[PDB]
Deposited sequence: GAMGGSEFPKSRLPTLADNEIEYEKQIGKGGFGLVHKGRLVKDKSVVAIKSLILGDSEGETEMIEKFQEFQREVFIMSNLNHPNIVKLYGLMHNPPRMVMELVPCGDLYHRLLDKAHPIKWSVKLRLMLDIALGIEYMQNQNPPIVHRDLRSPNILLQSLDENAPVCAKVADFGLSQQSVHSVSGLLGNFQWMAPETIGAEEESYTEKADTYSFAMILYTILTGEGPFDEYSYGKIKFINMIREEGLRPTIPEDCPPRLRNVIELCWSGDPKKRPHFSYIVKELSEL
């Protein structure tokens, strides 16, 4: 949690983010594998700074198997040295239509994500991620017997406050109705629960949430908020899962369940 200047060999670039680049690396002492996130700079630059900083502050206190870990910080640009999750992100995996994820594995993924969010929500005060979407779910392993299959990543937009937070969120297909409207109304970690419903939906169907509809942006947002528009749950969905998704994506945040219930229900599938 103290810096790590050098001691890191770069191996390859694996991604990009809101504030910089992401590379796969090795450590010399152990040679253990790692991921490095750099910060590369009204202003956009301030948002980038704030985001990098926010990820560090939030991640600084977290330790859970289903949460990417922060290992150290670096100072030359600067950088966050984190856990390397080798199977990539969920969004890309789901695009491989020819190789559907095995049902047992889908369940592992759902549970693992729920456990991570449950842990976020049990913090004092609770953490609201605000960016829970498939690109931000990383895959440790697709083996149904692995210790960990999925981890929550990218805490750049995260808040951890005693009160409700606010701020308009884009990526409306993944975000709660109370967070996407033009008037900047307040919300809570119940917003993340809604996003999780959409994560459940994407895993279940292998489809992007709301991809079945086509509307202009204003109409789409109004539909989600004022008409209760939601993705259609397939007929073949197991009843207990259908129930969890429906409750989680309730228009009323108060109706979205506590993760103790969500985790118990998912475990029954």
{"property": "Deposited-sequence segments unaccounted for in the coordinates", "result": "1-13, 55-59"}
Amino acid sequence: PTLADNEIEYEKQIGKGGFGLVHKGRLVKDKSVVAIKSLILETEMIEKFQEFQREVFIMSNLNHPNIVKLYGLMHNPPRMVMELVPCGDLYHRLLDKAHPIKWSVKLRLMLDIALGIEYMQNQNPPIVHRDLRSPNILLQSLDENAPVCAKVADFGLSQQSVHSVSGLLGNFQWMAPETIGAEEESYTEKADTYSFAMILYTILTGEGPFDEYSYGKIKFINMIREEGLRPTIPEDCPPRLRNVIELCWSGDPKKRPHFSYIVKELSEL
From here on, numbers count along this sequence of modelled residues.
{"property": "Segment of higher mean CA temperature factor, 158-166 or 189-197", "result": "158-166"}
{"property": "Mean C-alpha B-factor comparison - 232-240 and 42-50, higher one", "result": "42-50"}
{"property": "Residue with highest C-alpha B-factor in the PDB entry, from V68, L27, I221, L204", "result": "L27"}
{"property": "Out of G88, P77, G116, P135, residue topping the C-alpha B-factor column of the entry", "result": "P77"}
{"property": "Third of the chain, ranked by Cα B-factor, where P100 sits", "result": "middle"}
{"property": "Ranked against its chain, the third holding the CA B-factor of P177", "result": "lowest"}
{"property": "Where the record places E11 (Cα B-factor, split into thirds across the chain)", "result": "highest"}
{"property": "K31, C-alpha B-factor rank within chain (lowest, middle or highest third)", "result": "highest"}
{"property": "Record-listed C-alpha B factor of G251: chain third", "result": "lowest"}
